[PDB]
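Since the structure comes first, as structure tokens, the remarks are kept for the end.
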2 protein chains.
Amino acid sequence: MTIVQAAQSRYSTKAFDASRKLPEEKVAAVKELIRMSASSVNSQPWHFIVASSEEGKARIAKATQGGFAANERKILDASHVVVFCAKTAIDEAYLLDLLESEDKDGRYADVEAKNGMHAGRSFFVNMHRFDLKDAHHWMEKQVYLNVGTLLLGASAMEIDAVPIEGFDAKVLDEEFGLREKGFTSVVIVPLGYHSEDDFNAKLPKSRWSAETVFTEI
Amino acid sequence: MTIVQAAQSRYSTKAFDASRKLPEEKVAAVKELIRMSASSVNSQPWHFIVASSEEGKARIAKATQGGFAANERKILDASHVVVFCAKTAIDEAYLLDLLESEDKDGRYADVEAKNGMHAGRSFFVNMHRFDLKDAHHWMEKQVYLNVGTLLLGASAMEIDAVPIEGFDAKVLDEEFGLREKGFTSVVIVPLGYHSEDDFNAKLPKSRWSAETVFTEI
Ligand SMILES: Cc1cc2nc3c(=O)[nH]c(=O)nc-3n(C[C@H](O)[C@H](O)[C@H](O)COP(=O)(O)O)c2cc1C
Ligand SMILES: Cc1cc2nc3c(=O)[nH]c(=O)nc-3n(C[C@H](O)[C@H](O)[C@H](O)COP(=O)(O)O)c2cc1C
């Protein structure tokens, strides 16, 4: 299957088959894929909650009650659920921890290259913190880029998924103590195999035409 | 090559081989991949500029001058460059045009299902416009999700890429009249084949460990 066929055949699963679980190899591949995502200045401004148990899924589904109840069964019936969380703030200590992990990983030949990268990344993060004043939105954008990798990657691995914004992030954040750890939930992605009765598995994919969305130069 | 190997082997290209051009089949596959991206409520709040000519690339590179000059040669030497643009605002007319494209595409059995989807999508877009007051950030997040699909997809198609935030979006917007058309440039992605002298092609990829970024439940 080509990556284009993966993009054409994936869809938002509206009903999972609660009997069908992902093999351990597919779960380990999902986790490696999202840890490896690109991010502006290698900020990696993310944390991931992975639920593989009925108790874990029930805890996440506390955030899909009332007006969000249409998403509850997607969480409960999926095999595995990934909660994508973004950093709520960014500071020099996080940037120094990041620079040290890259130094340990062999990215800097000398202290000159290391100091240079810090000064560059610092200039840039501070532009988002203090000049655009949008650092939380900028970090959540990197987390959405990560989600995109998972939606395409899941399809290429023949895994059904649905991205979910329709949840109460205060309830989910409190469920896992995320705000006191500097994180906030932004997207829920349940993973598994769609049920035969998934209405959306039998609808055509709808997108703007290429002549609408492309300007060629 | 598995999708995990695609995530492990891709990297941010810092120097392209200006002699090496993408085959027409690879360019058409990139364009189909990004048109097919998922987005919240199928908002597809995007437009794409694709430059395949020296003149096109020179026009985009006007936005990588002065403090952004470190990105100029990535644009000039790449085979093809994709500018990802987000909508600057969203209203009922865009939502009615979207609902009509989905109706034409066969997503609604009856006017009941159509009216239901409009009322649901409208409630939700209006929550971003008027309650969170973050509609432009919410739309740009969908465009970043799209970029993620391209970074992973390019790697699976054996195409080098680099995502670029380091550009002057006012200069790029004015270059293509985007703001008067309701769009703004958010990410530049040059595509092609890295040059042998790309320093970053010989550095290890650096990410947080799985024990840092995962909570298992
Ligand atoms: C949104 C975004 C914007 C980026 N902007 C730039 C840029 O302006 N110039 C640059 O050289 N690299 C840029 N990068 C590349 C990142 O530094 C890179 O993705 C990160 O260090 C992870 O390394 P990798 O892409 O080699 O795996 C950007 C990446 C992302 C995700
Ligand atoms: C950020 C994001 C959030 C989403 N939130 C929900 C949700 O809460 N519930 C839902 O059923 N679908 C949700 N979707 C699925 C979209 O409606 C779907 O991606 C879009 O209609 C395109 O269709 P496709 O994913 O079938 O190709 C979401 C998608 C994205 C990208």
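In what follows, every chain begins at residue 1, and chains take the letters A, B, ... in the order their sequences are listed. Atom set for the values below is all heavy atoms of this structure, side chains included, hydrogens, waters and symmetry mates excluded.
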How long is the straight-line distance from [atom2] of [Y] back to [atom1] of [X], given to the nearest 0.5 Å?
X: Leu145(B); Y: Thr149(A); atom1: CG; atom2: OG1; value: 9.0 Å
X: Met157(B); Y: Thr2(A); atom1: CE; atom2: OG1; value: 9.0 Å
X: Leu172(B); Y: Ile188(B); atom1: CG; atom2: CD1; value: 5.0 Å
X: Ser43(B); Y: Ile90(B); atom1: OG; atom2: CD1; value: 6.0 Å
X: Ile34(A); Y: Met36(A); atom1: CD1; atom2: CE; value: 10.5 Å
X: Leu151(B); Y: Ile159(B); atom1: CG; atom2: CD1; value: 11.5 Å

- [ ] In plain terms, say whether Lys14(B) and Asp198(B) are close enough for a salt bridge, that is, a side-chain N and a carboxylate O under 4.0 Å apart.
- [x]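 Salt bridge absent between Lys14(B) and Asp198(B).
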- [ ] Evaluate the criterion side chain to side chain donor-acceptor pair (under 3.5 Å) for residue pair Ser209(A) and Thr212(A); output intermediate values, then yes/no.
- [x] CA-CA 5 Å; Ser209(A) 70; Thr212(A) 301; 3.1 Å; yes
Close side-chain approach of [X] to [Y], heavy-atom, < 4.5 Å:
X: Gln8(B); Y: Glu32(A); answer: yes
X: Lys87(A); Y: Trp46(A); answer: no
X: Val189(B); Y: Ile164(B); answer: no
X: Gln44(B); Y: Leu98(B); answer: yes
X: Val50(B); Y: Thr215(A); answer: no
X: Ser40(B); Y: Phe124(B); answer: yes
X: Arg20(A); Y: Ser79(A); answer: no
X: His118(A); Y: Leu95(A); answer: yes

Is the backbone N or O of [Y] less than 3.5 Å from a side-chain atom of [X], with the two atoms forming a donor-acceptor pair by type?
X: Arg207(B); Y: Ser37(A); result: yes
X: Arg107(A); Y: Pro204(B); result: yes
X: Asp91(A); Y: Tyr94(A); result: yes
X: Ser185(A); Y: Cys85(A); result: no
X: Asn71(A); Y: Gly166(A); result: yes

Minimum heavy-atom distance between [X] and [Y], given as atom pair plus value:
X: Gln5(A); Y: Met1(A); result: OE1-CA, 3.3 Å
X: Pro45(B); Y: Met139(B); result: CG-O, 3.5 Å
X: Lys205(A); Y: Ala7(A); result: CE-O, 3.7 Å
X: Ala61(B); Y: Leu76(B); result: CB-CD2, 3.8 Å
X: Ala161(B); Y: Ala154(B); result: CB-CB, 4.4 Å
X: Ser12(B); Y: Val162(B); result: CB-CG2, 3.9 Å

Task: Any pair counted as salt bridge (charged side-chain N to carboxylate O under 4.0 Å, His left out), so long as it reaches residues 134-155 of chain A, sequence neighbours left out - done: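 Found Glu140(A)-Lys141(B), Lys141(A)-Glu140(B).
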Open item on the list: Listing request: all salt bridge (charged side-chain N to carboxylate O under 4.0 Å, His left out) pairs with a residue in residues 119-130 of chain A, at least two apart in sequence or in separate chains.
Closed with: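 Non-adjacent pairs meeting salt bridge (charged side-chain N to carboxylate O under 4.0 Å, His left out): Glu102(A)-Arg121(A).
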TODO: Show the numbers, then the answer: is there a side chain to side chain donor-acceptor pair (under 3.5 Å) between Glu216(A) and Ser52(B)?
DONE: CA-CA 8 Å; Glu216(A) 307 285 348; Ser52(B) 60; 5.5 Å; no
Assert yes or no for the condition that the ring centre distance of [X] to [Y] is strictly below 6.0 Å.
X: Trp138(B); Y: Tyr144(B); answer: no
X: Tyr11(B); Y: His194(B); answer: yes
X: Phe16(A); Y: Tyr193(A); answer: no
X: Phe68(A); Y: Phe167(A); answer: no

- [ ] Report the C-alpha distance between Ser206(B) and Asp105(A) in whole Å, list the side-chain angles of each, state the deciding distance to 0.1 Å, and finish with yes or no for side chain to side chain donor-acceptor pair (under 3.5 Å).
- [x] CA-CA 6 Å; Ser206(B) 177; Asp105(A) 285 339; 2.6 Å; yes
TODO: Count the heavy atoms belonging to other residues, nucleotides or ligands that lie under 6.0 Å from CD of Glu158(A), then report whether that count exceeds 12.
DONE: no
- [ ] Return yes when atom CD of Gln65(B) has more than 12 non-hydrogen atoms of other residues, nucleotides or ligands closer than 6.0 Å, and no otherwise.
- [x] yes
Open item on the list: Checking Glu175(A) now: which residues fulfil salt bridge (charged side-chain N to carboxylate O under 4.0 Å, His left out) with it, not counting sequence neighbours?
Closed with: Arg59(A), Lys62(A)
Task: Ring geometry between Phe48(A) and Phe84(A) (parallel below 30°, tilted from 30 to 60°, perpendicular above 60°) - done: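 Ring orientation of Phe84(A) relative to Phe48(A): perpendicular.
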Open item on the list: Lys21(A) vs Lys26(A), test: side-chain contact (heavy atoms from CB on, under 4.5 Å). Steps then yes/no.
Closed with: CA-CA 10 Å; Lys21(A) 306 304 165 185; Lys26(A) 276 184 191 329; over 6 Å; no
Open item on the list: side chain to side chain donor-acceptor pair (under 3.5 Å) for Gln142(A) and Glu165(B)? Distances and angles first, verdict last.
Closed with: CA-CA 11 Å; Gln142(A) 314 312 310; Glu165(B) 268 168 6; 3.1 Å; yes
TODO: May I have the step-by-step check of side-chain contact (heavy atoms from CB on, under 4.5 Å) for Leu152(A) and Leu33(B), ending in yes or no?
DONE: CA-CA 9 Å; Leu152(A) 179 64; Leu33(B) 172 59; 4.0 Å; yes
Open item on the list: With side-chain contact (heavy atoms from CB on, under 4.5 Å) as the criterion, how do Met127(B) and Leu132(B) come out once you've worked through the C-alpha distance, each side chain's angles and the decisive distance to 0.1 Å?
Closed with: CA-CA 6 Å; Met127(B) 157 200 305; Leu132(B) 296 170; 4.1 Å; yes
TODO: Walk me through it: do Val82(B) and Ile49(B) pass the test side-chain contact (heavy atoms from CB on, under 4.5 Å)?
DONE: CA-CA 6 Å; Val82(B) 183; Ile49(B) 302 162; over 6 Å; no
